[PDB]
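Single chain ahead, written as structure tokens, the form deposited in one PDB entry.
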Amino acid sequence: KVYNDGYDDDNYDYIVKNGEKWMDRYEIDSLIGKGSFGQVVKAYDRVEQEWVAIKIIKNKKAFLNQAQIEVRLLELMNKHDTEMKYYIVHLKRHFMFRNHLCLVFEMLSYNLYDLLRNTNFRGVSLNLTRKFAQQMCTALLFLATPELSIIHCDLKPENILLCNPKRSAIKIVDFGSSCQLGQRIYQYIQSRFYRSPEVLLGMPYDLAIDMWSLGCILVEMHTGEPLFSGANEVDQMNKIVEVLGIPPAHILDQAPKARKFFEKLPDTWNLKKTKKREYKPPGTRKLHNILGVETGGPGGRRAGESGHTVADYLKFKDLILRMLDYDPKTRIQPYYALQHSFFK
């Protein structure tokens, strides 16, 4: 029938007309994509003479309310990144249009998944991975600023955009799930391949969840493939234990959902019983071999390549293991990740 005077559809989304003009300023160009929040469109800002992406939030109070929480987090980040030096796509503007909240951002055309797919999932060089890693840690250092204390909650290759597909500069998007430390609201957060063990275990979480995601992402960037590609939460936890072993007892003893994955023995914790191909035993799928530390890197493609010496790979493996620490209190933090020897 009639939704929002004919401007909306049955799913509370604005019906995008390729070419429409808004407020004598924005010329809608095309739909970029859809999400649970609403839609993203490409548009030309005629006043500032530049391409933008506009997040059109659903015309429904629950989604309006989450987006208003995010506008407040974005404005707070603007109050502390005047120089736009940290690698975040900042909010340019917010306004209401025909009962939709709209968020304006700089338009970037390619994300990190696009780069991987272009290499046919062979992975980017360790030198490029090093540069991306340095920028991501800087962005996380910025979010860890005391006044901010923002948890991103959805770091994944698709949410890291390329400033120019041949440049090394990146910028983070999508604070739709983010929250400040203390104001946590949701339990089912993070993309599954990049979901930290504390979220899988239903424990309280903090900014360390973003550093876990970063470790997974960096490994995928250089190998071409997701490190932990679980199809559901039990499969995700087991793939993590394949590489990292059983989580420390002092974590599982306080983990609300420890018994979804593990069994406490009369002695200690072990995995739950299976019926019949057992996953590789805990800790036996070594990062050392996933990265090909001594065999010319992933697929052996990096033999004799500068920046891919055995020493470089051992430094990279060491940083990744600090990022994939089961303990969110001892998991490496952004400032100290930046002083790691992987970055010289």
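Numbering starts at 1 and follows the sequence shown. Rigid core: the largest C-alpha set superposing within 1.5 Å between the two forms.
There is another form of the same protein, the form deposited in another entry; it is not shown, and what comes next is about it.
Choose, among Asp81, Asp206, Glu158, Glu225, the residue with a C-alpha displacement of 2 Å or more between the shown form and the other one when the rigid core is used for superposition.
Flagged residue: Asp81.
Using a superposition on the rigid core, decide whether the Cα position of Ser36 changes by 2 angstroms or more between the shown form and the other one.
Shift at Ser36: 2 Å or more after core fit.
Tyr326: Cα shift of 2 Å or greater between the shown form and the other one (core-aligned)
No, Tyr326 moves less than 2 Å.
After the core is overlaid between the shown form and the other one, has the C-alpha of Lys58 moved by 2 angstroms or more?
Yes; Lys58 is a residue whose C-alpha shifts (by 2 Å or more) between the shown form and the other one when the cores are overlaid.
Given that the CA-CA distance for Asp81 and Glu158 shifts by 3 Å or more in the other entry, does it become closer or farther?
Their C-alpha distance grows by at least 3 Å in the other entry.
Would you mind telling me if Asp81 and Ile160 are closer or farther apart in the other entry than in the shown form, C-alpha to C-alpha, with a 3 Å or larger change?
They are farther apart; the C-alpha distance rises by 3 Å or more in the other entry.
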